[PDB]
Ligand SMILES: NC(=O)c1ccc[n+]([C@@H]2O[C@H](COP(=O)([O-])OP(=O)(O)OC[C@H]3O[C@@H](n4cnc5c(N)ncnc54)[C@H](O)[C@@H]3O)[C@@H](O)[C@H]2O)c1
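Single chain ahead, by itself, as structure tokens, in the form solved without the named molecule.
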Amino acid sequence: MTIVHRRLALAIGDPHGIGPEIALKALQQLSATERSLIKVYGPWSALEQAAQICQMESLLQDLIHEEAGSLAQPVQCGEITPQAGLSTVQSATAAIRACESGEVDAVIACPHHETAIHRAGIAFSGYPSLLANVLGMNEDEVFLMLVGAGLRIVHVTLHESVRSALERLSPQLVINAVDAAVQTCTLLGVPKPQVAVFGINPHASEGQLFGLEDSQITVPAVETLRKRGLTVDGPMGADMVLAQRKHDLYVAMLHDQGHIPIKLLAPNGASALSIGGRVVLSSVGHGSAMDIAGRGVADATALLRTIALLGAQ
């Protein structure tokens, strides 16, 4: 059963966490062919460590690898350290640049630890942010798509107050989100997708009966996107459109509009794709699990699910 149909970068995330271990356990389960399509970014010491523990030294031989986020000392499984924090960001940066340059077609990031990154003195507010800084983009120009249970929902705004999001919403910002998500849909195996744009207000403002925002923002944006020859319905009330379940891509205006349905239908296994330029980066949907790091009992399922997602045709 082939699940990898294209070149991917895998940053092994925090080298003290379970990231290295799940990386090896996921790769272990693929064919030789599939494994050569995945290039692994991270400190080799960490991968050697996880090979001892999981007993997969044979696997290291055939791994395609680039040293990134090298360590100045032995690995300390379980420990939160600034060096591990830097390592994380360096690996992800190496991977992201490989995607930028075209060497790979998408990126997967194994789990980070935020405290670790913070103690390294690095500003980190999620992968959308990192992606922007590395690529030289405004954070506003990079979006998060959640994927889970058949649903794909790009969010035009994300981790800010509702008020702050409304102040920022514009025709252009929406257009940008759709363009980013459409490019991303090509990668996910849906070339020319059906798009539904959520209303900002209930019932998509109901004309102008429940606020003016939709006639100023979503409506103009949808008209501009149709004229450029995209199949776009909306704005329509998020509740009503979602329930029809007949679009390949929904476009949410606020974090909660897209996050509520996703976590309800796919409460464990939803993948979080940061999109910006040609670079699509997915986290695994779980933490660094410092408690069990080095103990060799971590599950690669979430990782494998993510590979399957970013690696279909």
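In case it trips you up, residue 1 is the first one in the sequence shown, and so on.
The following text describes the form deposited with the named molecule bound, which does not appear among the structures shown.
Considering the named molecule in the deposited bound form, the lone stretch of 223-231, 110-118, 130-138, 188-196 in range is 110-118 [heavy atom distance within 4.5 Å]. Interface membership of residue 288, defined by any non-hydrogen atom within 4.5 Å of the named molecule in the deposited bound form, is confirmed. Using a 4.5 angstroms limit between non-hydrogen atoms, residue 18 touches the named molecule in the deposited bound form. For residue 23, no non-hydrogen atom is located within 4.5 Å of the named molecule in the deposited bound form, even though that partner is not displayed.
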